[PDB]
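Chains as they are written, first to last, in the entry's author numbering: chain C, 681 to 812; chain B, 4 to 79, 82 to 113, 123 to 157, 161 to 261, 278 to 465, 471 to 816; chain A, 205 to 262, 278 to 340; chain D, 278 to 340. Yeah, the Cβ is synthetic: ideal placement off N, Cα and C, and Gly gets one too.
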Amino acid sequence: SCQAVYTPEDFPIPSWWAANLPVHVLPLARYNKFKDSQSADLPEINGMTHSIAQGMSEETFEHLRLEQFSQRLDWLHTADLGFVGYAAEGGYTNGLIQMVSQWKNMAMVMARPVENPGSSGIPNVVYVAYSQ
Amino acid sequence: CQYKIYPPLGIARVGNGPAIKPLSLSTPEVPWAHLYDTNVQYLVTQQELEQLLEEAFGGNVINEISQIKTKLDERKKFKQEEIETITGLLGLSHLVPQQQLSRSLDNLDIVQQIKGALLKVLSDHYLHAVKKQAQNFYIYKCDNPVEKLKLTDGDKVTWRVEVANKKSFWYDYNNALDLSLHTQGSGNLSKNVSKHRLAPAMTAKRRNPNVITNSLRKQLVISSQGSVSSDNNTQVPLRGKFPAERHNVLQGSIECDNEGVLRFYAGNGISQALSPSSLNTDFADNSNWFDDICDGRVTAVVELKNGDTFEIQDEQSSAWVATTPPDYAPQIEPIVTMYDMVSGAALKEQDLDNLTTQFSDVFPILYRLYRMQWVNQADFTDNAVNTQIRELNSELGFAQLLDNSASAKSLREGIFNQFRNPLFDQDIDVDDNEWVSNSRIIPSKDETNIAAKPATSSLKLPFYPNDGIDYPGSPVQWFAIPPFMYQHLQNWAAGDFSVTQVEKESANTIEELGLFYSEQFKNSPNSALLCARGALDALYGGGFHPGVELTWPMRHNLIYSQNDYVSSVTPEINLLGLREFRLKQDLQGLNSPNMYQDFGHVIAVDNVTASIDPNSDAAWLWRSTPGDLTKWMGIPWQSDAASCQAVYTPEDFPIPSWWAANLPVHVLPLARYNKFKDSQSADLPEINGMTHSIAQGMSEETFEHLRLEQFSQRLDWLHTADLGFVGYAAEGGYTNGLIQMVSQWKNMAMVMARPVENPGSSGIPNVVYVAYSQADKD
Amino acid sequence: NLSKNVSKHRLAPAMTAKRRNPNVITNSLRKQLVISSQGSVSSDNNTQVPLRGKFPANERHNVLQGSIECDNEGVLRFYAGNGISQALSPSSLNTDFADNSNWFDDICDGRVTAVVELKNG
Amino acid sequence: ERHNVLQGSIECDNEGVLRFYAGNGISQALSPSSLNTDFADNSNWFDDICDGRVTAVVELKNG
Ligand SMILES: [Mg+2]
Numbered sequence: 681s682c683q684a685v686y687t688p689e690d691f692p693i694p695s696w697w698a699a700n701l702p703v704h705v706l707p708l709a710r711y712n713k714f715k716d717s718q719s720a721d722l723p724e725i726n727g728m729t730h731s732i733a734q735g736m737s738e739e740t741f742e743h744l745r746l747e748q749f750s751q752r753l754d755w756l757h758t759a760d761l762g763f764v765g766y767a768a769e770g771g772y773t774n775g776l777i778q779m780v781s782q783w784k785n786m787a788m789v790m791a792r793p794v795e796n797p798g799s800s801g802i803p804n805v806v807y808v809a810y811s812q
Numbered sequence: 004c005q006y007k008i009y010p011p012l013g014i015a016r017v018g019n020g021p022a023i024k025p026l027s028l029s030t031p032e033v034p035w036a037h038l039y040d041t042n043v044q045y046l047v048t049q050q051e052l053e054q055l056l057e058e059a060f061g062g063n064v065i066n067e068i069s070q071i072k073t074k075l076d077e078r079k082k083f084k085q086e087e088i089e090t091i092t093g094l095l096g097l098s099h100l101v102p103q104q105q106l107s108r109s110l111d112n113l123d124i125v126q127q128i129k130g131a132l133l134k135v136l137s138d139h140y141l142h143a144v145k146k147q148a149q150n151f152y153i154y155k156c157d161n162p163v164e165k166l167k168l169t170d171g172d173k174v175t176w177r178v179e180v181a182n183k184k185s186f187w188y189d190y191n192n193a194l195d196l197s198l199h200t201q202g203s204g205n206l207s208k209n210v211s212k213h214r215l216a217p218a219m220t221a222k223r224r225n226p227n228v229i230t231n232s233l234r235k236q237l238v239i240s241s242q243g244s245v246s247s248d249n250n251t252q253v254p255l256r257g258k259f260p261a278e279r280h281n282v283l284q285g286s287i288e289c290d291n292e293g294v295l296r297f298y299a300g301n302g303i304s305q306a307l308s309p310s311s312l313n314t315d316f317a318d319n320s321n322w323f324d325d326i327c328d329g330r331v332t333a334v335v336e337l338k339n340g341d342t343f344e345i346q347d348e349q350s351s352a353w354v355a356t357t358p359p360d361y362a363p364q365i366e367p368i369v370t371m372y373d374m375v376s377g378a379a380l381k382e383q384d385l386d387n388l389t390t391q392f393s394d395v396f397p398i399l400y401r402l403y404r405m406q407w408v409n410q411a412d413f414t415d416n417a418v419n420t421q422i423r424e425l426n427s428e429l430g431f432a433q434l435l436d437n438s439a440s441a442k443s444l445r446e447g448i449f450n451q452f453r454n455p456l457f458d459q460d461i462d463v464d465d471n472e473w474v475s476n477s478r479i480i481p482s483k484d485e486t487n488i489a490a491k492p493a494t495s496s497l498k499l500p501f502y503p504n505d506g507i508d509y510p511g512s513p514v515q516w517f518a519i520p521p522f523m524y525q526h527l528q529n530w531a532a533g534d535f536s537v538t539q540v541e542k543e544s545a546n547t548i549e550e551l552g553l554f555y556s557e558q559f560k561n562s563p564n565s566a567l568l569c570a571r572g573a574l575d576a577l578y579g580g581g582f583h584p585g586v587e588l589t590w591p592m593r594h595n596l597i598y599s600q601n602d603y604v605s606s607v608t609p610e611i612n613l614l615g616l617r618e619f620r621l622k623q624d625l626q627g628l629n630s631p632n633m634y635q636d637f638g639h640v641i642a643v644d645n646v647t648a649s650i651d652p653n654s655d656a657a658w659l660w661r662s663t664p665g666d667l668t669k670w671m672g673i674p675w676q677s678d679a680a681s682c683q684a685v686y687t688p689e690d691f692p693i694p695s696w697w698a699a700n701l702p703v704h705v706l707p708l709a710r711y712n713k714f715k716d717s718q719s720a721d722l723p724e725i726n727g728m729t730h731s732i733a734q735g736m737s738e739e740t741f742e743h744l745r746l747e748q749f750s751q752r753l754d755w756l757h758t759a760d761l762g763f764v765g766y767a768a769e770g771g772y773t774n775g776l777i778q779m780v781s782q783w784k785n786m787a788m789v790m791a792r793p794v795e796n797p798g799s800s801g802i803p804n805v806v807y808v809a810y811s812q813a814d815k816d
Numbered sequence: 205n206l207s208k209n210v211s212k213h214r215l216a217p218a219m220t221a222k223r224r225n226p227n228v229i230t231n232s233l234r235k236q237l238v239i240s241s242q243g244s245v246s247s248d249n250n251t252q253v254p255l256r257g258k259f260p261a262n278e279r280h281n282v283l284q285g286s287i288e289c290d291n292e293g294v295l296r297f298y299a300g301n302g303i304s305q306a307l308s309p310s311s312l313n314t315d316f317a318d319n320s321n322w323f324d325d326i327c328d329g330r331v332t333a334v335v336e337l338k339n340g
Numbered sequence: 278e279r280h281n282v283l284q285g286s287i288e289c290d291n292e293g294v295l296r297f298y299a300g301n302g303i304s305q306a307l308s309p310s311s312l313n314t315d316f317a318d319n320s321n322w323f324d325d326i327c328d329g330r331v332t333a334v335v336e337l338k339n340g
């Protein structure tokens, strides 16, 4: 029950207690797609093949990092709270019901480093949501 | 062979905007005509309402008002008679009810607050309204269409249209019956699906099953008809009844201009149950409901001054028309379209190795998939092919994809290998024969607390569901581009394709070649065949569960009386070609003896099988009568549009989406647009939602960063209006979405191209596509 | 039991039917959905023997499918289960008259054989 | 938008008796989707129940 409370106006989205029960989080999936720099010595860089990552201009590389960083995921979607599967109802009530079992699977936010933000605008410390 | 109508299958889309030309849209007659037109207005604007009212106020009107006030001051409010006469010379009775026009003035530079009062009446009814997308039909002379009919004085064309809606009469939609139909395979569907039982067709019961006997079931069909011709431009409504208290159903409106062009408008998008308590909780099959969707027969008679009359009404020369849901992103083309289904329908699967390929044949696949980033999150931030295209654009390197030589082969294969094979025989493990995908499945909502089997194979593209969604572990759960399009991609990958040099010289970026290909369409001389293709290129061609506009009968050549390749778009650039095709028609139309045919208590794949023989008691299924094309779709259509969104998996990304190109899933709200469209140099008191002081006081690098963060915030399309999720302790949910959509379809966000004048180094493109609604503007 | 006319005149056509518990894929995994057990009793001892299985089969739930005993006269008496039905998760509700995923019950059926051993060998 | 509500009908007979009829029993929500699931309190609903003031004036032949 402790999440967003939508108004007829889309923004800003009101939230109850986001600091302890977050509402929009930065998932590990996105962290793994901005944490690297273009020079990284990895066969995969930010979810791209080495060659594609280093083939693009530095402008477009950092841009891609920032877009990934900007993707926030509804915290209620970090576990199956009744919205998963074809034709699923989801909804407020199923959230309440499913949270009894799924509370232990919800995303847990932890500080994580970005060693070389370069020009991208991503701070050296980011706060990342870890779930399955 | 004298005269023929075009397009052979017109499309008009419902909307609550008025059925007048200045406030309507026109179905595309040339593909790719306005893909970057940043001036489009798909919602009725304040400005259009003002100039609609201005043109109605051109004297006579004004001094005939001067003279009414000469009789207003020898009395010194209005009179019932002078009221209903300023109305009537303005001629707005066809737009808004007359007594609200009247009541608007009775409750009251004389000029001004007559307009001020009526403009607020128009605004209240039509401001931000979804404009109707109307279809123009044209008479072409042939002998092979030469050019549009030339109406000299003495001549006249008389159009006839008969339409019906049989949704309430027909059968449930569970899944596509042809999934089990025995076949050799076509260009649209591989024989593997039926051969290996990958998505077996389900039986389906009657909708509204409590209405019994065929004669009482005829009340469930809405039908209407009308005629117009060159000598009168009066619009005539196609009004039926449901059932046939009883409610009037405006199925559409027809009008013909002095030069003989028929314009077809669809209904206003009004769906309704016979009782308020009947809720539309299922995605397709809801008893007690009707909607104003229709489809029917289009014929004409040309009568010359010479006394020579030409009846246009055989299936070779007549046309059809179908109304559909609105197109909420008209510039965003579906990856596989209805036109592509027409093209594949005439092909045989195992003869696909004889197909020949140009780059312009594979270009639409990558182009469409690339542009899906404006309506679907996965294709914005989770599509490695779209990212690689960005990488190539970044270095002006897109032209390498047009290189058919060995040196580019590894580059072409890496893209092609990410695409799902419509043979549906990859990423599977045979169970003994059952084919079980070893890639990512889309589970049923009926869950079972037993650990899922780990996928061993990556999920292929595109990331959309498909006709077999009902079957966890079927490869047909996910969408694949159809066999003939996949054959083009296979040939491209191997190098078996050609391309002109001038194509290579406009291919530095995908956007550059897209414009080149668009102007190829526009400068193509075959306007009749271009208009035929334009009518279907914006429609969806899969998956069909049941789809958005039309569904699975269209991907079979049996439903066309003729379907022939005619030529390339340009003498040397195919661009998937131009075809001549007509639907099979019952020439008796609404008086057909098969107008109310069915298969008894259920329809099944066995009925579809029997219908193959052109001489069976089931072959009527393919000889369409009015209402036959849309009867398969969900009733009311809003229930199916509201279930046309994301289908989430246990894995968060990518988020699968059914048909994002026409019913968007993740969009860029106007609210964000107003927060990145400005440059730091702008001199307004608010720049990108910031005070002038704050915006200009930050480093330019930080300014650009804020632009792109805004640009990157994509909103759930279901959230652009109140679909039951708004308010403290609101339930939201799937079902409330279907219910609310009945009235909220007309408030959902409409995506329109918009310009970014000076994006600087922000990384935001010069043309963006922005979703407009009342909730997402600020 | 059933006249020809029902099928011949399509009075109540059969419907297609999907798999129960459809998210469990592959025959090997679907074997876990079957609960089975067996047992043997003889006339030399009347001690009752439970027919106890497990769902899912190889947290798992013990399912008593029945109990069997044999008296000294050679009569086998077969008892059914206790009536215990259950879902793998408490939130899984059995809202369809017949098809509810994530549920198991203790109903069963199976094979009854025997061996007779006379004193002469 | 906006619905007519027949709250009742009145009539007087030549002998001066006033006869008050009630409404037709029409209840309705401002939108079909608004369902009256609570026994007393349902928003967006109206009915044609009423109650009010009953007055009269007696005017004789002598004025
Ligand atoms: Mg579109």
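**Report entry** Start-end ranges of the beta strand (DSSP E) lying completely within the segment 484-554 of chain B, minimum 3 residues
**Finding:** none
Query raised in the report: Whose C-beta lies closer than 7 Å to the C-beta of residue 46/B among residues of the same chain, with five residues either side of it excluded?
Result: 142, 143, 144, 145, 788 and 810
Query raised in the report: What does residue 311/A touch in chain C if you count any residue whose Cβ is under 7 Å from its own?
Result: Per Cβ cutoff of 7 Å: no residues; residue 311/A is ~10 Å from chain C at best.
Query - Identity of the residue in 495/B, 484/B, 478/B and 786/B nearest residue 502/B by Cα - result: 478/B
Requested in this report: Examine ligand 1 and report whether any of its heavy atoms sits within less than 7 Å of the Cβ of residue 437/B.
Outcome: no
Query raised in the report: When every heavy atom of ligand 1 is checked, does at least one fall within less than 7 Å of the C-beta of residue 587/B?
Result: no
Report task. Measure the C-alpha to C-alpha separation of residue 710/C and residue 236/B and round it to an integer number of angstroms. Result -> 56 Å
Query raised in the report: Got a sec, what are the start and stop residues for the beta strand (DSSP E) residue 601/B sits in?
Result: 598-605
Report task. Verify whether the separation of the beta carbon atoms of residue 572/B and residue 200/B is less than 8 Å. Result -> no
Query raised in the report: CB of residue 700/B to nearest heavy atom of ligand 2: below 7 Å?
Result: You won't find ligand 2 in this model; what it holds is ligand 1.
Query raised in the report: How should residue 312/B be labelled, buried or exposed, when 16 other C-beta atoms within 10 angstroms of its C-beta is the threshold for buried?
Result: buried
Query raised in the report: Hey, residue 407/B and residue 621/B: beta-carbon distance below 8 Å or not?
Result: no
Report task. Pick helix, strand or coil for residue 298/D, following the three-state DSSP scheme. Result -> strand
Requested in this report: Determine, using beta carbons only, whether residue 683/B and residue 746/B come nearer to each other than 8 Å.
Outcome: no
Query raised in the report: So which of 608/B, 475/B, 293/B and 612/B has the shortest CA-CA distance to residue 389/B?
Result: 612/B
Query raised in the report: Does the segment 203-218 of chain B come close enough to the segment 378-393 of chain B to have 3 or more Cβ pairs within less than 8 Å?
Result: yes
Query raised in the report: Three-state secondary structure (DSSP) at residue 777/C?
Result: helix
Query raised in the report: Using a threshold of 7 Å, is the CB atom of residue 360/B nearer than that to any non-hydrogen atom of ligand 1?
Result: yes
Report task. Just the C-alpha distance for residue 233/A and residue 498/B, rounded to the nearest angstrom, thanks. Result -> 24 Å
**Report entry** residue 140/B beta carbon less than 8 Å from that of residue 25/B
**Finding:** no
Query raised in the report: Under the criterion of a Cβ to heavy atom distance below 7 Å, does residue 507/B qualify as lining ligand 1?
Result: no
Report task. Could you tell me which residues DSSP pairs with residue 281/A in its beta bridges? Result -> 258/A
Requested in this report: Answer yes or no: do residue 14/B and residue 355/B have a C-beta to C-beta separation smaller than 8 Å?
Outcome: yes
Query - the segment 757-780 of chain C: positions lying closer than 8 Å to chain B by Cβ - result: 757, 758, 760, 763, 764, 765, 766, 767, 768, 769, 770, 771, 772, 773 and 774
Query - Listed by chain order, chain C residues near residue 211/A by CB distance under 8 Å - result: Within 8 Å Cβ-Cβ: nothing; residue 211/A doesn't reach chain C, min ~32 Å.
Report task. Taking C-beta pairs closer than 7 Å, name the residues in chain A that residue 464/B reaches, listed in chain order. Result -> 230 and 231
Report task. Compute the minimum distance between the beta carbon of residue 365/B and the heavy atoms of ligand 1, and state whether it is under 7 Å. Result -> yes
Query - Bridge partner(s) assigned by DSSP for residue 181/B - result: 240/B and 328/B
**Report entry** Proximal residues of chain C, C-beta to C-beta of residue 498/B below 7 Å
**Finding:** Per Cβ cutoff of 7 Å: no residues; residue 498/B is ~17 Å from chain C at best.
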